Amino acid sequence: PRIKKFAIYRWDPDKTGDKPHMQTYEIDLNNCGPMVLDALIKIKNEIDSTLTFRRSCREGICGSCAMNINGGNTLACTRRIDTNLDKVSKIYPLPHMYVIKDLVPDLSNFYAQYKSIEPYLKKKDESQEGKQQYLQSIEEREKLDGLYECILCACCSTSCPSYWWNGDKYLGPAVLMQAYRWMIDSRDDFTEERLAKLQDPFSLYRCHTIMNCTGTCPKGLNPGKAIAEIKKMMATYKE
Amino acid sequence: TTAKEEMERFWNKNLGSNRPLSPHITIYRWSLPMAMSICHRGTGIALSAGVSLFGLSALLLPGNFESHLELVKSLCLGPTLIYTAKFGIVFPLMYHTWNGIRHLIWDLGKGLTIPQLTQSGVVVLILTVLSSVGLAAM
Amino acid sequence: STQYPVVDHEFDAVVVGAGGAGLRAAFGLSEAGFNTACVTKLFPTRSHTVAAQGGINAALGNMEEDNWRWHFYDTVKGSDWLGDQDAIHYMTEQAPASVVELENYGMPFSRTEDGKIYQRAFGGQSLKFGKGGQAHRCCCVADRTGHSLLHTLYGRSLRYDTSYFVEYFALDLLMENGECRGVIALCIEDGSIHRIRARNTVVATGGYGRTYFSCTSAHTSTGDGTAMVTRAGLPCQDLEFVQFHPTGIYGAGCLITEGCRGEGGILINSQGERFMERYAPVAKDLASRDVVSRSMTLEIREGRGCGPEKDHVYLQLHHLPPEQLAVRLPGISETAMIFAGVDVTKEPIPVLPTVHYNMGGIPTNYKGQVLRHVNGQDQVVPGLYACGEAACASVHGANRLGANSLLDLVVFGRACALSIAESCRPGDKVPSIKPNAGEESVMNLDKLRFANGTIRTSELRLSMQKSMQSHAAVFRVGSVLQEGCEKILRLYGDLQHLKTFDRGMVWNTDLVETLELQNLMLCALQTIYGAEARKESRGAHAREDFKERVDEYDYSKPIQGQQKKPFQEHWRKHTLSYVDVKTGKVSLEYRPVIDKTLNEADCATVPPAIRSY
Amino acid sequence: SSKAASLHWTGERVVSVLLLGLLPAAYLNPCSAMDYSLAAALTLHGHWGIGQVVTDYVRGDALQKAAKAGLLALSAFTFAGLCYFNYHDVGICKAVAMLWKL
Ligand SMILES: *Cc1cc2c(cc1C)nc1c(=O)[nH]c(=O)nc-1n2C[C@H](O)[C@H](O)[C@H](O)COP(=O)(O)OP(=O)(O)OC[C@H]1O[C@@H](n2cnc3c(N)ncnc32)[C@H](O)[C@@H]1O
Ligand code: HEM
Ligand SMILES: Oc1c(Cl)c(Cl)c(Cl)c(Cl)c1Cl
Ligand SMILES: O=C([O-])CC(=O)C(=O)O
Ligand code: SF4
Ligand code: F3S
Ligand code: FES
């Protein structure tokens, strides 16, 4: 028999000026799955179903969980509960974001920012599209590993202090790493205009190499290292 | 709906709501490279304040540097209080110096992996101490 | 009612669902200059297609030389001849064009030494119509194909003027005299009610695998479109044919790709034998889904299983070059660890046959148009389409072929796009709707919203899931099935005895996970009742009491000195199921399979045969 | 569209190595030239740096305009002062020297 405590951020938008408060729950860990989501689900099912959160895959590929657990941003479905009964787990919504309800942040801006980099392949001549597979050597292809696997979970950008103070105009690591993913895609023709789109104070340059992003990626990616690669490209490119 | 309209919509929705912003600094777990980052901010801000205060007092205050040095020899401080006032000036400087080097290695793209940040973090921290004590001893 | 804010929308088209199939349909319509709306209860990228691992089939001729007609043959065979050959012809032909579309879109396929799309071996695929041995036509992005597919599709979709109702919950269709007028949805964000009316409506809501206790499916795989169709009084085809993927992780039931076997991964029991060598001599470990899982689940019957409570098998990978395991199978390596604490390059993964895919769904044209059944005949339902796992053009038949669903998605996504593109014009007269329309959904919503019953949504869902698990598994008998039937029908009654707690408008996940249970019930009801009625062993459906394939002939011996069985006497036919919304009474009937391809000259019909690997 | 943002980024990195290199050189070669080029590098790099902190934290259009205007004034007086000190006083190399043997 093993009880664990969970301190969980709460807020009901329909409860007339309800104020954000922590609610604590208790879970027999022998009666629960290894991961934090398993507990989040178990309390939803048996204890309180007024608890509201985003989940889907429970396998860590949809990037639906993405919340603040014990100070760090990962995916609940992938983060395992600390067997240490002495520590009380503290579950929060993703930092410096608007809470719609409980652990549910308004991710609209995060998405709008992703749209803005135009995250798709672009050719100068698009007449011949649809009819032949494009050439790309494994060499040109290796340059994509650790970039394409991004889950758009928003753990990174939402851990970046620069994104906290300047989330509106600063694109943040997740988006920025993607713009780079398309920059180094051999099949893309618009590398110069992708860079030229980041010529302002805020879009790229609010990054001060804090490195929370890489430090927190639940997928073990290095958004920050890509941000520095963009920076080099920004300085050295022509026209 | 454009990306810009979407952003524009995001702000006008939320600023006219009663939604709370989720906690951040007050909850987010600090790490060695995170702390070493605001310290780069602080030390820089302090160092610039020092220099600003130096050139500004050179324009407003009467008497030369030599006048102010003798002015200081008044109620002359203990060797272990002139060294303290000496160490608390090279510490802000020597730190921001070594981490600034680290920031440039980074601009070059070298050593940006997490375990490399825990290595480059300690090495800067030690070099700070060794060069802060080294210089206040001169 | 009356107190709910009903907002109206007028479009040319509406796509319910933004998985692979949904997105392809959605910008496909926009691409063609149609004022399209998409409705999805998740963020497009969260959709289950994003979890897809193995790859996407097409006879591109990159590895060896290929013919899409061999792909055809494999598919129809694998379908155990419940598969409509007109659709299979369409799909397998459109495949190379479709994959090249995706690559051209930006999909970062793994590459060959020629800088072409890397393809690999997969379960039960051959060259030269089953003669030229194992074929390598499964196109992949290393290990995260669905993920990459969904992302590139989402990427592409930003380029067109489509309107995306993200986290909107489609409640029902808007129907008027057998004609689809649009949808009625819940804006999860504020809890408001939206009636979107369009001239055409595409339903791409994915599977309902979450009718079971253990499945590789997303928590959000709940047959919501399936049920909207059932609530319309429309038929649902072949819902009893449920795919049990051989290799899903023993614990949480996460998927380990079939690409493991495709790359040379072996399956081993407690005795140590490569049991997929005596169970299926020719194709071996890389055989059909139903045969492999049948063998696995049969191996546990013998007692030769591995584990603590004695209930799983071992997928082996360690003998493969670890370098190969790093390039081909990176995604499973994390999850094999994370969810099982297993090092892929050292120890064998613990796997178990678990629910994976729903070949059953809404009956469909090869054109994507939803079929009803009138006078023993097919009738196209005006203004209504379906595609992907939610659909049943039955390109997959009685057993879906590995790497064919992602293909299904994009092919027919495009089909629905084009069918509308050809059948009408943008700006065409969008049909009107009653001021009273959808009132039934809003009412059932409000009823569920304030429910003061005796049973928790969670508790009833668990009853359904464990019932289906013990009464509709890999092996079936009428005794267990009939008990399973009444079991489910009993639980259907309990839907007026359900307790909800959350009574808020904004993000009422309590309320929706109930609407989903409503939805899941309707699905499981038809699945189990369909399974009861079918008295044969075809594809995924295996009856202990009817071990044999009941066809119009006995295709084991030669067909001629032989009299053909009448329709309602053999079983080689599609199951159509309905249910009265109030009583939960499943009535059902049948329509014929299609054997004629789109052209006999280009692609020969393949007549039924003994199906074995 | 110019590449102004990326040039200003590089500009900074240049004065940084310039200022990094100027420290040993001020110890090894204490002179009046050193005294002036240290004054330039000190004030520029500091001005750009606080500029970063200004852009980061000073939300608003009125405030951002002022905070930069005063920062410019602060850096102008700081440079003029160090130039005055190098001309009509000890000079910064010698100033440190005098201050350190103390
Ligand atoms: C489970 C699984 C399946 C799978 C796979 C791996 C796993 C773990 N790997 C595959 C592979 O490698 N190759 C392949 O060919 N298939 C593979 N599969 C099967 C396949 O991925 C799925 O069957 C298929 O992707 C289903 O996709 P579809 O496009 O039909 O839709 P979806 O991705 O499941 O998502 C459904 C969308 O519909 C929306 N929805 C659902 N209900 C509603 C309501 N009420 N209102 C509004 N929208 C709704 C969802 O939001 C979602 O976007
Ligand atoms: C010892 C040599 C020095 C080097 C190599 C150096 C280098 C740097 C670098 C690379 C940064 C930017 C780091 C980032 O990207 O966030 C920086 C920040 C800054 N520095 Fe220095 N520096 C040095 C000394 C000084 C001195 C003596 C002052 C005082 C005038 C100073 C004032 C600042 C300020 C105000 C900032 C901005 C803080 C920030 O935005 O984070 N530096 N320095
Ligand atoms: O503004 C900042 C904040 Cl809030 C933190 Cl926590 C850090 Cl580490 C840094 Cl570097 C900056 Cl600039
Ligand atoms: O449904 C599929 O084709 C497959 C699947 O689980 C895989 O091998 O990734
Ligand atoms: S880079 Fe990592 S943390 Fe950021 S959105 Fe992508 S997967 Fe999430
Ligand atoms: S957390 Fe930050 S400011 Fe840059 S290195 Fe990472 S985005
Ligand atoms: S639920 Fe899909 S990542 Fe956690």
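Residues numbered from 1 in each chain as written, not as in the entry; some residues may be left out. Chains lettered and ligands numbered in written order. Heavy atoms only, no water.

- Per the deposition metadata, X-ray crystallography was the technique used to determine this entry, at a resolution of 2.61 Å.

## Some thoughts on the site of ligand 6
(1) Moving on: Contacts to ligand 6 come from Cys160(A), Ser162(A), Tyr170(A), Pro173(A), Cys207(A), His208(A), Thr209(A), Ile210(A), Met211(A), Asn212(A), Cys213(A) and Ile227(A).
(2) Moving on: Looking at side-chain class alone, the shell around ligand 6 contains eight nonpolar, four polar and no charged residues. (Near = heavy atom within 4 Å. Nonpolar A, V, L, I, M, F, W, Y, C, P; charged D, E, K, R; others polar.)

## Things to note about the UniProt feature "binding site: FAD" in chain C
Residues and elements named next belong to chain C.
(1) Moving on: UniProt annotation of "binding site: FAD" refers to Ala18, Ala21, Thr40, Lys41, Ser47, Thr49, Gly54, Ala170, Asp224, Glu389, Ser405 and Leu406 when read in the numbering used here. Spanning 389 residues, the annotated positions stay apart in the fold, the maximum distance between their C-alpha atoms being 30.2 Å. The annotated residues named above include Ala18, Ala21, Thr40, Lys41, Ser47, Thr49, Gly54, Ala170, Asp224, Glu389, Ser405 and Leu406 as those lining the largest cavity.
(2) Moving on: You can see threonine 40 is positioned in strand β2 (residues 36-40).
(3) Moving on: Relative accessible area serves as the criterion here: at 5%, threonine 40 is assigned to the buried category.
(4) Moving on: Beyond its immediate stretch of four places on either side in the chain, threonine 40 contacts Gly17, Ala18, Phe165, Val166, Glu167 and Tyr168.
(5) Moving on: Considering the arrangement of structural elements, one finds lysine 41 in the loop between β2 and β3 (56-57).
(6) Moving on: At 3.0 Å, the side chain of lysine 41 and the backbone oxygen of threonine 220 are in polar contact. (UniProt positions renumbered as here; feature names shortened; annotations may be inferred. 1 Å grid on protein atoms, 1.4 Å probe; cavity = no way out; pocket = protein on both sides within 12 Å on 5 of 7 lines; lining within 4 Å. Helix = DSSP H or I, 4+ residues; strand = E, 2+ residues; numbered from the N terminus. Buried < 20%, exposed > 50% of the residue type's maximum accessible area, 1.4 Å probe, protein only. Contact = heavy atoms within 4.5 Å. Polar contact = N/O pair within 3.5 Å; in protein donor to acceptor, adjacent residues only side chain to side chain.)

## Observations regarding the site of ligand 1
Residues and elements named next belong to chain C.
(1) Moving on: Inspection of the region around ligand 1 gives 37 residues, with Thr40, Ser47, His48, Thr49 and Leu406 positioned closest.
(2) Moving on: Here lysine 41 contributes a backbone N or O atom positioned 3.1 Å from an oxygen atom of ligand 1.
(3) Moving on: Comparing atom positions with the cavity grids shows ligand 1 to sit within the largest cavity.
(4) Moving on: At the level of elements, α1 (20-31), β2, β7 (168-176), β14 (349-358) and α10 (405-423) are the ones that each hand at least two residues to the shell around ligand 1.
(5) Moving on: The residue makeup of the shell around ligand 1, split by class, is 16 nonpolar, 17 polar and four charged. (Sits in = over half its atoms within 2 Å of the grid points.)

## A short note on the domain arrangement of chain B
(1) Moving on: Taken domain by domain, chain B consists of domain 1 (1-30) and domain 2 (31-138).
(2) Moving on: Distance from the C-alpha centre of domain 1 of chain B to the C-alpha centre of domain 2 of chain B: 38 Å. (Domains from an automatic or database assignment.)

## Overview of the packing of aromatic side chains
Centre distance and the angle of the planes are the two values used to describe a pair of aromatic rings.
(1) Moving on: Inspection of the entire model under this criterion finds 26 aromatic pairs over all chains.
(2) Moving on: For the pair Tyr212(C) and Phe244(C), a centre-to-centre distance of 6.4 Å together with 85° between the ring planes defines the contact as edge-to-face. Of this pair, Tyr212(C) sits in the loop between β9 (192-203) and α5 (224-231) while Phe244(C) sits in strand β11 (residues 242-249); the two residues are 32 residues apart in sequence, bridging distant segments of the chain.
(3) Moving on: The rings of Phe110(A), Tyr111(A), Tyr114(A), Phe43(C) and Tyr154(C) are connected pair by pair, giving a single aromatic cluster.
(4) Moving on: The ring of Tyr613(C) is capped by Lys77(C), whose NZ or CZ atom sits 4.1 Å from the centre of that ring.
(5) Moving on: A cation over an aromatic ring shows up here: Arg328(C) above the ring of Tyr118(C), its NZ or CZ 3.7 Å from the ring centre. (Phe/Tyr/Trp six-rings, centres within 6.5 Å; stacked < 30°, edge-to-face > 60°. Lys NZ or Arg CZ within 6 Å of the ring centre and 35° of its normal.)

## Digging into the environment of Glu552(C)
Residue and element names in this part refer to chain C.
(1) Moving on: Examined against the element boundaries, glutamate 552 turns out to sit in the loop between α14 (509-533) and β21 (573-577).
(2) Moving on: A C-alpha to C-alpha distance of 32 Å links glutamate 552 and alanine 227, two positions 325 residues apart in sequence.
(3) Moving on: Those residues within four positions of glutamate 552 in sequence are excluded, and the remaining contacts are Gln563, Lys564, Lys565, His570, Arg572 and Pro608.
(4) Moving on: Within the structure, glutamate 552 has its side chain in polar contact with the side chain of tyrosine 555 (distance 2.7 Å).
(5) Moving on: A polar atom in the side chain of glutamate 552 sits 3.2 Å from the side chain of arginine 572.

## Overview of the domain arrangement of chain C
All names here are of chain C.
(1) Moving on: Segmentation of chain C into domains returns domain 1 (1-248 + 353-431), domain 2 (249-352), domain 3 (432-548) and domain 4 (549-613).
(2) Moving on: The gap between the C-alpha centroids of domain 1 and domain 4 is 24 Å.
(3) Moving on: Taken together, the contact pairs 34 residues of domain 1 with 31 residues of domain 4.
(4) Moving on: Contact with domain 4 buries area across many residues of domain 1, yet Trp81, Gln85 and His373 alone supply 24% of it, more than any other trio.
(5) Moving on: Note that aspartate 80 is salt-bridged to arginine 549, the shortest N-O span being 2.7 Å. (Buried area = accessible area lost by both parts, 1.4 Å probe. Salt bridge = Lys/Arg side-chain N within 4 Å of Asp/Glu carboxyl O.)

## Quick word on the side chain of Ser47(C)
Residues and elements named next belong to chain C.
(1) Moving on: Structurally, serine 47 can be placed in the loop between β2 and β3.
(2) Moving on: Side-chain polar atoms of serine 47 contact the backbone oxygen of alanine 18, separated by 3.3 Å.
(3) Moving on: For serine 47, the residues in contact, after removing those within four places along its chain, are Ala18, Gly19, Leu42 and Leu150.

## Quick word on the pairing of β9(C)
Within a regular strand, side chains alternate between the sheet's two faces.
Residues and elements named next belong to chain C.
(1) Moving on: Of all 12 residues that make up β9, 10 are buried, and the element is covered over most of its length.
(2) Moving on: Strand direction decides the pairing type here: strand β8 (residues 179-187) and β9, joined by six bridges, are antiparallel. Looking at β9, one finds that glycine 182 is bridged to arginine 197.
(3) Moving on: What sits between β8 and β9 in their antiparallel hairpin is a turn of four residues, with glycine 191 showing a positive phi close to 80°.
(4) Moving on: Bridge count for β9 against strand β17 (residues 377-386) is three bridges, and the pairing is parallel. Bridged to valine 202 within β17 is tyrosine 385. (Pairing = 2+ DSSP bridges.)

## A few points about the nonpolar core
(1) Moving on: Ranked by size, the top nonpolar core spans 143 residues in total, and within it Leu40(A), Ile230(A), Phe109(C) and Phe412(C) carry the most contacts.
(2) Moving on: In contact with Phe412(C), not counting residues within four places along its chain, are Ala87(C), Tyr90(C), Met91(C), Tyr366(C), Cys387(C) and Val395(C).
(3) Moving on: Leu173(C), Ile362(C), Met468(C) and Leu498(C) belong to the second largest nonpolar core, which has 60 residues in total. (Core = buried A, V, L, I, M, F, W, Y, C linked by side-chain atoms within 4.5 Å.)

## Observations concerning the side chain of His245(C)
Residue and element names in this part refer to chain C.
(1) Moving on: Its location among the elements puts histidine 245 in strand β11.
(2) Moving on: For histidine 245, the side chain forms a polar contact with the side chain of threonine 247, separated by 3.3 Å.
(3) Moving on: Discounting residues that sit within four places of it in the chain, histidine 245 has contacts with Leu255, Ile256, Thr257, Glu258, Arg261, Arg289, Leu352, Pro353, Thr354 and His356.

## Here we look at the interface of chain A and chain C
(1) Moving on: If you look at the interface, chain A gives 61 residues, while chain C gives 67 residues.
(2) Moving on: Here chain A packs against chain C, burying approximately 5,100 Å² in sum over the two surfaces, 48% of which is carbon and sulfur.
(3) Moving on: The largest per-residue losses of area from chain A upon contact with chain C belong to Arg58(A), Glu59(A) and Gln133(A), which jointly make up 15% of the total buried on that side.
(4) Moving on: At the junction of chain A with chain C, the criterion picks out eight salt bridges.
(5) Moving on: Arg187(A) is the salt-bridge partner of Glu103(C), the closest N and O atoms lying 2.9 Å from each other.
(6) Moving on: Counting across the chain A and chain C interface gives 38 residue pairs in polar contact.
(7) Moving on: Breaking the side of chain A that touches chain C down by element, the ones donating at least two residues are α1 (36-47), β6 (99-101), α2 (108-116), α3 (138-142) and α5 (173-183) of chain A.
(8) Moving on: For the side of chain A that touches chain C, the element with the most residues is α1(A), which contributes four residues.
(9) Moving on: Here the residues of the side of chain A that touches chain C sort into 26 nonpolar, 14 polar and 21 charged.

## Topic: the packing of helix α2 (residues 32-60) of chain B against helix α2 (residues 32-57) of chain D
(1) Moving on: Where α2(B) meets α2(D), the axes come as close as 10 Å, and the angle between the chain directions of the two elements is 130°. Here α2(B) lies oblique to α2(D), going by the angle between them. You can see that α2(B) and α2(D) cross each other, and the crossing is left-handed. Residues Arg41(B), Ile45(B), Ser48(B) and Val51(B) of α2(B) touch α2(D), and the partners they reach there are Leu42(D), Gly46(D), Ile50(D), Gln52(D), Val53(D), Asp56(D) and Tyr57(D).
(2) Moving on: The residue inventory of the contact of α2(B) with α2(D), partitioned by class, reads six nonpolar, three polar and two charged. (Axes fitted to C-alpha atoms, helices over the stretch in contact; angles between N-to-C directions. Parallel < 35°, antiparallel > 145°, perpendicular 65-115°, else oblique. Left-handed = near helix turned anticlockwise from the far one by under 90°.)

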